[PDB]
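Note that ligands are numbered from 1 as they come in the structure, with each ligand's atoms numbered from 1 the same way. Computed from heavy atoms alone, side chains included, the values below leave out hydrogens, waters and symmetry copies. In what follows, chains carry the letters A, B, and so on, assigned in the order in which the sequence lines appear, proteins first and then strands, with residues in each chain numbered from 1.
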Protein chains: 2
Amino acid sequence: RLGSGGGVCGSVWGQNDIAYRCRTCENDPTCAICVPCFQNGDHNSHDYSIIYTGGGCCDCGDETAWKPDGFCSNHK
Amino acid sequence: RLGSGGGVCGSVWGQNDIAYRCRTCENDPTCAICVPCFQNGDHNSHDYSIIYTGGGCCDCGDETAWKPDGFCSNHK
Ligand SMILES: [Zn+2]
Ligand SMILES: [Zn+2]
Ligand SMILES: [Zn+2]
Ligand SMILES: [Zn+2]
Ligand SMILES: [Zn+2]
Ligand SMILES: [Zn+2]
(Lines give C-alpha, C1' and ligand atoms only; values in the text may rest on other atoms or scores of the structure.)
(Ligands and ions follow the chains in the order given, each with its own letter.)
Protein backbone atom coordinates (compact mmCIF):
# COMPACT_ATOMS: atom_id res chain seq x y z
CA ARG A 1 0.00 0.00 0.00
CA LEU A 2 1.08 3.63 -0.39
CA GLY A 3 2.01 4.81 3.14
CA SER A 4 4.87 6.99 4.31
CA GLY A 5 8.59 6.58 4.04
CA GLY A 6 11.40 7.51 6.34
CA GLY A 7 11.80 5.71 9.62
CA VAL A 8 9.35 2.81 9.23
CA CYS A 9 10.01 -0.74 10.34
CA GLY A 10 10.78 -3.02 7.41
CA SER A 11 9.72 -6.20 9.15
CA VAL A 12 7.80 -8.74 7.08
CA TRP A 13 5.83 -11.77 8.31
CA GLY A 14 6.00 -15.31 6.96
CA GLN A 15 3.56 -18.12 7.23
CA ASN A 16 3.81 -18.90 10.97
CA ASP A 17 4.71 -15.62 12.64
CA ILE A 18 3.43 -13.40 15.44
CA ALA A 19 2.33 -9.79 15.30
CA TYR A 20 0.28 -7.52 17.56
CA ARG A 21 -2.97 -5.82 16.79
CA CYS A 22 -3.76 -2.66 18.78
CA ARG A 23 -7.28 -1.31 18.30
CA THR A 24 -6.13 1.85 20.12
CA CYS A 25 -3.16 2.90 17.95
CA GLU A 26 -4.47 1.50 14.69
CA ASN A 27 -5.84 3.48 11.77
CA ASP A 28 -7.87 0.53 10.48
CA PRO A 29 -8.48 -3.11 11.48
CA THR A 30 -5.66 -4.64 9.40
CA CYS A 31 -2.83 -2.61 10.96
CA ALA A 32 -0.36 -4.51 13.11
CA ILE A 33 3.17 -4.21 14.43
CA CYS A 34 5.90 -6.73 14.98
CA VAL A 35 6.73 -8.12 18.41
CA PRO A 36 9.81 -5.92 19.12
CA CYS A 37 8.01 -2.74 18.05
CA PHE A 38 5.10 -3.55 20.39
CA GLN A 39 7.30 -4.40 23.36
CA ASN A 40 9.55 -1.37 22.78
CA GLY A 41 6.49 0.87 22.87
CA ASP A 42 3.74 1.72 25.34
CA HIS A 43 0.38 -0.08 24.97
CA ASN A 44 -0.49 -0.86 28.60
CA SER A 45 -4.23 -0.27 28.68
CA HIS A 46 -4.72 -0.31 24.93
CA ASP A 47 -6.97 -2.92 23.37
CA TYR A 48 -4.17 -5.01 21.93
CA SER A 49 -4.16 -8.67 20.96
CA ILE A 50 -1.69 -11.19 19.68
CA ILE A 51 -2.13 -12.47 16.16
CA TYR A 52 -0.54 -15.39 14.37
CA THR A 53 -0.09 -13.90 10.94
CA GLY A 54 0.75 -15.51 7.66
CA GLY A 55 1.77 -12.32 5.91
CA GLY A 56 2.20 -8.58 5.89
CA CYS A 57 4.53 -5.95 7.25
CA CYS A 58 4.93 -3.97 10.44
CA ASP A 59 3.22 -0.57 10.46
CA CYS A 60 5.51 0.94 13.13
CA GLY A 61 6.65 4.42 12.24
CA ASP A 62 4.22 4.83 9.35
CA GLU A 63 1.75 7.46 10.49
CA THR A 64 -0.63 6.60 7.65
CA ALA A 65 -1.20 3.21 9.39
CA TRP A 66 -0.43 3.77 13.08
CA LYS A 67 -0.88 6.65 15.54
CA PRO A 68 2.62 8.10 16.26
CA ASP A 69 2.13 7.83 20.04
CA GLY A 70 2.12 4.07 19.42
CA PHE A 71 5.51 4.06 17.73
CA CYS A 72 8.33 2.29 19.49
CA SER A 73 11.57 4.01 20.49
CA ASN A 74 13.54 3.15 17.36
CA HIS A 75 10.94 4.60 14.97
CA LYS A 76 10.34 8.18 16.27
CA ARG B 1 -0.38 -4.03 7.38
CA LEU B 2 -1.55 -7.64 7.78
CA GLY B 3 -2.30 -8.87 4.23
CA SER B 4 -1.58 -12.21 2.60
CA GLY B 5 1.62 -14.05 2.00
CA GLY B 6 2.76 -16.27 -0.80
CA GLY B 7 3.39 -14.80 -4.20
CA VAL B 8 3.24 -11.06 -3.48
CA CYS B 9 5.56 -8.47 -4.98
CA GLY B 10 8.14 -7.29 -2.46
CA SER B 11 8.77 -3.97 -4.15
CA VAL B 12 9.20 -0.94 -1.89
CA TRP B 13 9.14 2.74 -2.87
CA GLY B 14 11.63 5.42 -1.85
CA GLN B 15 11.28 9.14 -1.77
CA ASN B 16 11.09 9.90 -5.52
CA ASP B 17 9.51 6.84 -7.10
CA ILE B 18 6.60 5.99 -9.38
CA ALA B 19 3.67 3.68 -8.72
CA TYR B 20 0.25 3.20 -10.30
CA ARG B 21 -3.11 3.64 -8.68
CA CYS B 22 -6.01 1.69 -10.21
CA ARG B 23 -9.45 2.59 -8.85
CA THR B 24 -10.79 -0.50 -10.65
CA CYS B 25 -8.58 -3.24 -9.13
CA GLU B 26 -8.06 -1.58 -5.77
CA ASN B 27 -9.62 -2.61 -2.48
CA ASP B 28 -9.21 0.87 -0.98
CA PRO B 29 -7.80 4.26 -2.08
CA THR B 30 -4.24 3.71 -0.81
CA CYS B 31 -3.55 0.53 -2.82
CA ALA B 32 -1.00 0.80 -5.61
CA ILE B 33 1.30 -1.39 -7.66
CA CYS B 34 4.76 -0.89 -9.00
CA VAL B 35 5.45 0.01 -12.61
CA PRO B 36 6.42 -3.51 -13.84
CA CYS B 37 3.41 -5.13 -12.16
CA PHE B 38 1.08 -2.62 -13.84
CA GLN B 39 2.62 -2.98 -17.28
CA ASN B 40 2.76 -6.78 -17.00
CA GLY B 41 -0.96 -6.82 -16.24
CA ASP B 42 -4.15 -5.74 -17.95
CA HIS B 43 -5.66 -2.36 -16.97
CA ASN B 44 -6.71 -0.96 -20.36
CA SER B 45 -10.00 0.74 -19.55
CA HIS B 46 -9.51 0.78 -15.79
CA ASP B 47 -9.42 4.09 -13.97
CA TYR B 48 -5.68 4.06 -13.35
CA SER B 49 -3.33 6.95 -12.68
CA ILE B 50 0.35 7.47 -12.18
CA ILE B 51 1.54 8.51 -8.75
CA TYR B 52 4.88 9.82 -7.58
CA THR B 53 5.14 8.10 -4.25
CA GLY B 54 7.48 8.68 -1.36
CA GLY B 55 6.82 5.38 0.34
CA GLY B 56 4.99 2.08 0.53
CA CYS B 57 4.98 -1.29 -1.12
CA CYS B 58 3.43 -2.90 -4.16
CA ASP B 59 0.11 -4.67 -3.55
CA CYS B 60 0.44 -7.02 -6.55
CA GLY B 61 -0.49 -10.58 -5.68
CA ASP B 62 -1.98 -9.72 -2.30
CA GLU B 63 -5.70 -10.33 -2.65
CA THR B 64 -6.42 -8.46 0.57
CA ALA B 65 -5.30 -5.25 -1.24
CA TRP B 66 -5.85 -5.88 -4.95
CA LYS B 67 -8.42 -7.78 -7.03
CA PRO B 68 -6.69 -10.93 -8.41
CA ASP B 69 -7.76 -10.15 -12.00
CA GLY B 70 -5.46 -7.14 -11.66
CA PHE B 71 -2.41 -9.22 -10.79
CA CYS B 72 0.42 -9.29 -13.26
CA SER B 73 1.74 -12.49 -14.84
CA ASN B 74 4.48 -13.16 -12.30
CA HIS B 75 2.14 -13.01 -9.29
CA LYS B 76 -0.69 -15.47 -10.16
ZN1 LIG C 1 8.19 -3.47 13.61
ZN1 LIG D 1 9.02 0.18 15.69
ZN1 LIG E 1 -1.49 0.73 21.28
ZN1 LIG F 1 4.98 -4.96 -7.94
ZN1 LIG G 1 3.04 -8.26 -9.88
ZN1 LIG H 1 -6.77 -2.20 -12.90
Practice problem: Specify whether an N/O/S atom of A/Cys9 falls short of 2.8 Å from the Zn ion (ligand 1). | Solution: yes
Quiz item: When you draw lines from the Zn ion (ligand 3) to SG of A/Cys22 and to SG of A/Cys25, what angle lies between them, to the nearest 10°?
Solution: 120°
Quiz item: When you draw lines from the Zn ion (ligand 1) to SG of A/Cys37 and to SG of A/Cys34, what angle lies between them, to the nearest 10°?
Solution: 100°
Quiz item: A/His43: which N/O/S atom is nearest the Zn ion (ligand 3)?
Solution: ND1
Practice problem: Looking only at N, O or S atoms, find the one in A/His46 nearest to the Zn ion (ligand 3) and name it. | Solution: ND1
Exercise. Provide the closest heavy-atom pair for B/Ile18 versus B/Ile50 in the form atom of the first, atom of the second, distance.
Key: CG2-CG2, 4.1 Å
Quiz item: So, A/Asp17 and A/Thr53: side-chain donor and acceptor under 3.5 Å apart, yes or no?
Solution: no
Quiz prompt | 2.8 Å cut-off met by an N, O or S atom of A/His75 to the Zn ion (ligand 2) | solution = yes
Practice problem: Can you label the angle between the A/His43 ring and the A/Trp66 ring as parallel, tilted or perpendicular, going by 30° and 60°? | Solution: perpendicular
Self-check item: Carboxylate-amine/guanidinium contact A/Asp28 B/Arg1, below 4.0 Å
Solution: yes
Exercise. Would you confirm whether A/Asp59, through its side chain, and A/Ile33, through its main-chain N or O, come within 3.5 Å as a donor-acceptor pair?
Key: no
